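Asker: The structure under discussion is supplied below as structure tokens; questions concerning it will follow.
Just so it is clear, none of the values below were taken in a lab; they were calculated from the coordinates. Every residue, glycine among them, receives a Cβ derived from its backbone with ideal geometry; neighbour counts consider all protein chains shown.
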Amino acid sequence: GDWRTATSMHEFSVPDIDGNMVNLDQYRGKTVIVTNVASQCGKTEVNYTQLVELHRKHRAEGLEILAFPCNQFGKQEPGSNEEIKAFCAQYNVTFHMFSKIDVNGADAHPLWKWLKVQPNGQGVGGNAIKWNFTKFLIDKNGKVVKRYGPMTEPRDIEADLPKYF
């Protein structure tokens with residue numbers, strides 16, 4: 001697959017939660033957090049509340065958050081795209097929600113296959129996504145600059161935003 005040839009997130013297109021293709025080059029010149037989400041995770045509440053807080057705190061500086069539902073971790077995202085959309089409403093999410101995807105395995109979405117092999121997006125302990133709410137920080141040129149594991153509270157990504165704003 002051609003994802004292997006990409007040098008930037010801006011080369012991918014991915015369906016949003018309504019099913020509509022989003023060309024990610026529209027986020028050129030924005031700092032972006034990409035994260036895999038789920039609704040039935042022990043850290044669902046801390047992640048959605050803190051991602052909303054971080055997005056409200058920094059969206060006027062150009063921060064974007066792209067959230068990808070994924071059911072591969074404990075079957076913790078069983079709902080349809082419509083049900084996930086409704087679920088997020090309780091958190092007042094105004095960042096970008098995407099259609100549910102796989103992030104691991106042969107059928108993972110190409111964007112996520114690409115994120116996992118980026119020099120700053122490689123995990124040791126394999127590149128595989130380990131659980132719900134892994135995060136990647138992506139710069140204004142669509143390069144991965146940091147990867148954060150499932151335990152990372154979204155507020156702790158503040159440490160790294162001045163680097164890239």
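Asker: Inspect all residues belonging to segment 45-60 and state whether any of them is out of contact with any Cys (no Cβ under 8 Å at 6 or more places or on another chain), under 19 Å from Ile101 (Cα atoms), surrounded by 17 or more Cβ atoms within 10 Å (Cβ to Cβ) and in contact (Cβ under 8 Å) with a residue 12 or more places away in the chain.
Answerer: Just the residues of segment 45-60 that are out of contact with any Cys (no Cβ under 8 Å at 6 or more places or on another chain), to begin with: 45-46, 49-60.
Subset that is under 19 Å from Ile101 (Cα atoms): none.
No: zero hits.
Asker: Kindly evaluate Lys75 against the criterion of being of a type outside the set (A, V, I, L, M) and on the phi > 0 side of the Ramachandran plot.
Answerer: yes
Asker: Go over the candidates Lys146, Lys75 one by one and state the one that is of a type outside the set (A, V, I, L, M, F, W, C), without any contact (Cβ under 8 Å) to a residue 40 or more places away in the chain, more than 23 Å from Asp2 (Cβ to Cβ) and assigned to a strand (DSSP E or B).
Answerer: Details: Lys75 fails: assigned to a strand (DSSP E or B).
Being of a type outside the set (A, V, I, L, M, F, W, C), without any contact (Cβ under 8 Å) to a residue 40 or more places away in the chain, more than 23 Å from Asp2 (Cβ to Cβ) and assigned to a strand (DSSP E or B) holds for just one of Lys146, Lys75, which is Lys146.
Asker: How many of the residues in segment 146-165 are under 24 Å from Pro69 (Cβ atoms) and either buried (at least 18 other Cβ atoms within 10 Å of the Cβ) or in contact with a helix residue (DSSP H, G or I) (Cβ under 8 Å, 6 or more places away or on another chain) (or both)?
Answerer: 9
Asker: Residues being outside any loop (DSSP other than H, G, I, E, B), touching a helix residue (DSSP H, G or I) at 6+ places or on another chain (Cβ under 6 Å) and under 15 Å from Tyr48 (Cα atoms): count how many of those fall in segment 120-143.
Answerer: Total satisfying the criteria: 0.
Asker: Quick check on this structure: which one of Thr5, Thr35, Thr49 is under 18 Å from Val145 (Cβ atoms), out of contact with any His (no Cβ under 9 Å at 6 or more places or on another chain) and of a type outside the set (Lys, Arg)?
Answerer: Sole residue among the options that is under 18 Å from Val145 (Cβ atoms), out of contact with any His (no Cβ under 9 Å at 6 or more places or on another chain) and of a type outside the set (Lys, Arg): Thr35.
Asker: In segment 80-91, is there at least one residue being touching a residue at least 12 places away in the same chain (Cβ under 8 Å), crowded, with 19+ Cβ neighbours inside 10 Å and either in a loop (DSSP other than H, G, I, E, B) or of a type in the set (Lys, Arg) (or both)?
Answerer: no
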